[PDB]
Student: 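Before I ask anything, here is the structure I am working with.
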Amino acid sequence: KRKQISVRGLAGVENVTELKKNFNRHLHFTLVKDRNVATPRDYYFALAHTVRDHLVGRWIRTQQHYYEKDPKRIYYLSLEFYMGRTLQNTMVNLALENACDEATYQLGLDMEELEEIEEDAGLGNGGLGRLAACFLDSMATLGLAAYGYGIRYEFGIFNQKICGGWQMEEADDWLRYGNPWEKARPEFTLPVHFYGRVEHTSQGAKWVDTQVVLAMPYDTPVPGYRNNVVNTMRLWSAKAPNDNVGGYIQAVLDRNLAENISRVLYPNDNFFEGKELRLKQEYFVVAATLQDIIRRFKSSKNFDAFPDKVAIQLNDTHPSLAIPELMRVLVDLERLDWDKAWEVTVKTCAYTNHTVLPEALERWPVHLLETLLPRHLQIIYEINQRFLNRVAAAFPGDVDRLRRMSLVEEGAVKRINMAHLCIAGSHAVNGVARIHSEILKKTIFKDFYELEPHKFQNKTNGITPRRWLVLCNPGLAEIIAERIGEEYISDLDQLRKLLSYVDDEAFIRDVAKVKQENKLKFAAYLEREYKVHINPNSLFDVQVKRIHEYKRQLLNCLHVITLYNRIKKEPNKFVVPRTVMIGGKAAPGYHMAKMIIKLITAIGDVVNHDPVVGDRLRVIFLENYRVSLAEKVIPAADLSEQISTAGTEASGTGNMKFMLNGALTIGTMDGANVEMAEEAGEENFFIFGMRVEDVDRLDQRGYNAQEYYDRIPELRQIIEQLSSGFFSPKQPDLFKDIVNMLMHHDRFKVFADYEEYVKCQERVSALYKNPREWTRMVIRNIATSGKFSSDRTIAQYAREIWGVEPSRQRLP
Ligand SMILES: O=C(Nc1ccccn1)C(=O)N[C@@H]1O[C@H](CO)[C@@H](O)[C@H](O)[C@H]1O
């Protein structure tokens, strides 16, 4: 069955023979193992090396091709690359999946069992990091000379353990058994400088007396979809510089301090912590990367041509130091005059904003910058003076606008606003969904928009249909290919052809069949890995994303308790059985998010053990939500929970994954949800709740949660259950902080959307009772998910910002 899937390619007889041969070669020469001692892990690694060999020729040829053609080079700078696993992706993109599947089968091995051995490269927190990963895939698929640049964290996002119903954090030791995908490049190691002081002298400024940390690059291949393109992700690793008993020994041990720079990912989602170590990581990436950029530019054939040959894309403000660093290099080292260097810098750099919440913005204390990067602070100040001079010329006498626009923020602690730096130093600034990009121009960066309107753009997010359809849901990819062929895989708009099958009995049957297959497989996963049983004949109601108050997992909690309370009130009344699944990691220092996880498990402790409820309702917390788990649960989902307060989710991308994979969406008019509903037709989406206009109206008069409590008996009941200790009998006051926040300090207006949410959820159950109509609406969703391919997104970046033309053209 497995092998009959045509989108997975051909199992050529000579290819299968060669693969088996090389599998065995690696087991022997690479792993130094025999079939007598060899474990499943050994067999995974033998396959990984075998598959990896197939990238090499294309990888060398692609990079040679870019040297010869000399196209404009795109440098995508990010502190996060949420790559997930690599084995299946490589096989898919090289058309090797069926061949390896046959090869391993003939050797007596189940390739899917082998795939489960691979650790995620979890070098990101969530959506922003995953966007970077989808972007790398799409840029390679679109034949762009693009280079992902970041940091090789020794430890990615922490592994989440649930113990006693609480999140526990453990180190994500992803490199324990090695990483067969990366190629260490110690020969290309570069120096990065910290601290020191500035000397203004004969030639000008000089950054001296610095402490050096070496940046060692590790290069990872990024294969395009069956176009023979293999691009590169370069990730820098921190290495101590080359040059008494206790004294000598301690000096050697103290090398760890420098090397700590690339030790661990800061696990924050939509929140800025001004840690010096984070600032070092950010500069580490920027300094080493820009050295590569300058050197490669010089090896291509005076800096007037720089922006024609270089694009630097800033993934949020995290690599914003690229702006003053480029100025520093061009002025201090290359000896260009300020004006020309600045012209070059702005044309080279572009900035992507992912944020709404004020506390998410990077605002570094000037004292920290003065100490760590004294020359960069000097340059920032000069940038600010000339930029504010431009504001003053454009808007004479508008003093508050000057204050609002300044890169320098006054207060008890004087800070540099890095978003302001990015806008000033970039020729393009984009948000990540239409609603978000509009609000950047409307309110958040209104004054910047008024000064330079041409700067502001939209680039609605997307996801790769390779990982997010072909890999994770081959069954759905196949039934689609059976009707419309395979072109849609890198031309997702072709999914619109599926609207011709809304009344096709065979397709309706097959869409529902695939979903049920995915649900059985996920149920099997939970039983195998956690001994957790879920009802396969229940609606799979899924909210998976990082735990944050704005994403309103708490609103989901209120609904779950509503369903429970309604069953208890009328036990004889039929309800559509549900398995409510919530998963996601909380930032270790975010108390409320940690309490919310505990509430989910505590709700489950009551609901899942009430005999009156039985298998009619179950609430489970999915442990350790990560890219590999997303690939499992999303194809199994019936209902996608996308319930952020309107105006808070910049775009979302998990929403797109669900839409592509045959789940229907319950959601607010927020982020990309708006455009998803536009594409499919609002009649095909479960839209509920306040619009942004309604939220703003509430803000204008003041949000009083008490009013909702007083007017809604069912909500009142739930709050009193939480307060009295119904969900924490051994510790009655456990959830007092949650109750207090909801009643008095709720920034995200949970109570305000409660009634519409519950009513909307009733309509979900009503449609689910009609399998034919559920499935027909699903078809209308899958068929219109095309816009949300990251190929579309990247094509827009290329044409509208980078000035390069994408190409699906194959290499020899
Ligand atoms: O801002 C983010 N992380 C962050 C912030 C500060 C410090 C560290 N990390 C983030 O993940 N933003 C997300 O970017 C996604 C891709 O565009 C959007 O789809 C999603 O709406 C948005 O919340």
Side-chain angles (χ1 to χ4, degrees), residues 76 78-82 123-135 150-151 153 156-157 264-275 277-279 281-282 313-320 351-364 417-419 422 429-437 439-440 444 457-464 468 544-552 584-590 593 630 642-659 667-668 670-676 748 788 790 793-794 796-797:
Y76 191 83
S78 186
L79 269 287
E80 293 184 30
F81 288 93
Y82 216 175
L123 305 184
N125 275 300
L128 178 153
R130 182 55 229 179
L131 191 75
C134 287
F135 277 12
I151 186 163
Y153 300 110
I157 183 63
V264 59
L265 167 71
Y266 275 89
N268 296 301
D269 199 76
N270 287 100
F271 184 74
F272 168 68
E273 204 133 14
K275 291 287 146 63
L277 185 59
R278 170 67 173 202
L279 184 56
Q281 295 181 329
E282 288 178 350
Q313 198 62 35
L314 312 167
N315 200 24
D316 215 313
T317 62
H318 312 155
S320 65
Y351 160 56
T352 304
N353 174 288
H354 305 265
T355 53
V356 179
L357 306 183
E359 72 266 21
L361 295 179
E362 295 192 301
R363 295 176 293 114
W364 295 104
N417 188 313
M418 306 309 274
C422 284
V429 173
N430 76 279
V432 291
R434 194 190 286 146
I435 192 170
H436 170 66
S437 304
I439 208 72
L440 292 185
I444 293 105
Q457 300 195 26
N458 174 237
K459 297 290 167 285
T460 301
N461 282 166
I463 54 163
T464 180
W468 298 112
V544 287
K545 49 190 72 249
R546 291 295 296 260
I547 313 295
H548 198 296
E549 281 167 282
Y550 90 80
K551 291 164 172 294
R552 298 199 295 191
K585 294 169 180 177
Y590 190 170
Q642 309 292 334
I643 58 169
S644 53
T645 312
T648 61
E649 190 76 85
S651 171
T653 48
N655 51 4
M656 302 166 189
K657 298 169 198 177
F658 281 97
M659 189 187 190
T668 49
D670 199 21
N673 294 357
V674 181
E675 293 163 77
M676 285 167 59
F748 306 104
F788 308 103
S790 53
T793 309
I794 286 301
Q796 286 193 286
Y797 273 96

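Whatever order the structure lists ligands and atoms in, that order sets their numbers, starting from 1. By convention here, the first residue in the shown sequence is residue 1. What's counted below: heavy atoms across the whole structure, side chains too, no hydrogens, waters or symmetry copies.
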Student: Using the benzene-type ring in the case of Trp, are the ring centres of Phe271 and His548 under 6.0 Å apart?
Tutor: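 Ring centroids of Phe271 and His548 are no less than 6.0 Å from each other.
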
Student: List ligand 1 atoms under 4.0 Å from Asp269, heavy atoms only on the residue side.
Tutor: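 So the answer, numbered in order with elements, is 11 (O).
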
Student: Heavy atoms only, cut-off 4.0 Å: how does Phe271 contact ligand 1, side chain, backbone, both, or neither?
Tutor: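 It is the backbone that gets close, since no side chain atom is under 4.0 Å.
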
Student: If only side-chain N and O atoms count, and only distance matters, is there a donor-acceptor pair under 3.5 Å linking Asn655 with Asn673?
Tutor: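 Yes - a donor-acceptor pair under 3.5 Å links their side chains.
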
Student: Indicate, as side chain, backbone, both or neither, the part of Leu128 found under 4.0 angstrom from ligand 1 when only non-hydrogen atoms are considered.
Tutor: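 Both the backbone and the side chain of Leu128 come within reach of ligand 1.
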
Student: Could you tell me whether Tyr550 approaches ligand 1 through its side chain, its backbone, both or neither, with non-hydrogen atoms closer than 4.0 Å?
Tutor: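 It is the side chain that touches ligand 1; the backbone stays farther off.
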
Student: In ligand 1, which numbered atoms sit nearer than 4.0 Å to a non-hydrogen atom of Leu131?
Tutor: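 Within the 4.0 Å cut-off of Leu131, ligand 1 contributes 16 (C), 17 (O).
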
Student: Taking distance alone, with no angle check, do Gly652 and ligand 1 share an N/O pair under 3.5 Å?
Tutor: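 Between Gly652 and ligand 1, an N or O pair is found under 3.5 Å apart.
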
Student: Mark yes or no for whether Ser78, through its side chain, and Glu80, through its backbone, hold a donor-acceptor pair below 3.5 Å.
Tutor: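 Checked: pair present.
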
Student: Please say whether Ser651 places an N or O atom under 3.5 Å from an N or O atom belonging to ligand 1.
Tutor: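 In this structure, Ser651 places an N or O atom under 3.5 Å from an N or O of ligand 1.
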
Student: Tell me whether ligand 1 is touched by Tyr82 - counting only heavy atoms on the residue side and a distance under 4.0 Å.
Tutor: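 The answer is no: ligand 1 sits nowhere under 4.0 Å from a heavy atom of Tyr82.
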
Student: Hey, does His318 come in under 3.5 Å of ligand 1, counting only N/O atoms on both sides?
Tutor: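 Looking only at distances, the answer is no, because the N/O contact criterion of under 3.5 Å is not met.
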
Student: Could you tell me whether a side-chain N or O of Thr645 sits under 3.5 Å from a main-chain N or O of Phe748, the two making a donor and an acceptor?
Tutor: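 Looks like yes, one N/O pair under 3.5 Å.
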
Student: State, without any angle test, whether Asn125 and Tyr266 hold a side-chain donor-acceptor pair at a distance under 3.5 Å.
Tutor: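 There is no such pair (donor and acceptor under 3.5 Å, judged by atom type) between the side chains of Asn125 and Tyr266.
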
Student: Can you check whether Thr355 has an N/O within less than 3.5 Å of an N/O in ligand 1?
Tutor: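 In this structure, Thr355 places no N or O atom under 3.5 Å from an N or O of ligand 1.
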
Student: Could you walk me through whether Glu649 and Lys551 pass the salt bridge (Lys or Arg N to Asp or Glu O under 4.0 Å) check?
Tutor: CA-CA 8 Å; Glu649 190 76 85; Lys551 291 164 172 294; 2.9 Å; yes

Student: Would you check whether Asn461 has a nitrogen or oxygen atom less than 3.5 angstrom from a nitrogen or oxygen atom of ligand 1?
Tutor: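 The answer is yes, given that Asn461 and ligand 1 share an N or O pair closer than 3.5 Å.
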
Student: Would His354 count as a polar contact of ligand 1, with the cut-off being nitrogen or oxygen pairs under 3.5 Å?
Tutor: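 Between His354 and ligand 1 (N or O atoms, distance only) the closest approach is under 3.5 Å.
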
Student: Short list, please: which atoms of ligand 1 are under 4.0 Å from a heavy atom of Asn268?
Tutor: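 Counting from 1, the qualifying ligand atoms are 8 (C), 9 (N).
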
Student: For atom 3 (N) of ligand 1, which protein heavy atom lies nearest, and how many Å away is it?
Tutor: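 That would be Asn270 N, 3.5 Å.
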
Student: State the atoms of ligand 1, each with its element, that fall below the 4.0 Å cut-off from a heavy-atom position in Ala650.
Tutor: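 Reading through ligand 1 atom by atom, the close ones are 21 (O).
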
Student: Can you confirm whether the side chains of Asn353 and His436 place a donor and an acceptor under 3.5 Å from each other?
Tutor: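 Note: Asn353 and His436 side chains meet the donor-acceptor criterion.
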
Student: So, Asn461 side chain and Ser651 main chain: donor-acceptor pair closer than 3.5 Å or not?
Tutor: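 Side chain of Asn461 to backbone of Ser651, a donor-acceptor pair under 3.5 Å: no, none is there.
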
Student: At what distance, to the nearest 0.5 angstrom, does CD1 of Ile463 lie from CE of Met656?
Tutor: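 Nearest 0.5 Å value for the CD1-CE distance: 7.5 Å.
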
Student: Is it true that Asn430 and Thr352 share a donor-acceptor pair across their side chains at a distance under 3.5 Å?
Tutor: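 Side chains of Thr352 and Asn430: pair found under 3.5 Å.
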
Student: Can you sort out which atoms of ligand 1 are near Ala360, meaning under 4.0 Å from one of its heavy atoms?
Tutor: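 Numbered from 1, ligand 1 contributes 6 (C).
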
Student: Between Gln457 and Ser437, does any side-chain donor sit less than 3.5 Å from a side-chain acceptor?
Tutor: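 No, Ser437 and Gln457 have no side-chain donor paired with an acceptor closer than 3.5 Å.
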
Student: Give the contacting part of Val432 toward ligand 1: side chain, backbone, both or neither, where contact means a heavy-atom distance below 4.0 Å.
Tutor: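 Looking at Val432 and ligand 1, just side chain atoms fall under 4.0 Å.
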
Student: Tell me the protein heavy atom at minimum distance from atom 21 (O) of ligand 1, and give that distance in Å.
Tutor: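 Ranked first by proximity to atom 21 (O) of ligand 1 is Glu649 OE2, 2.7 Å.
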
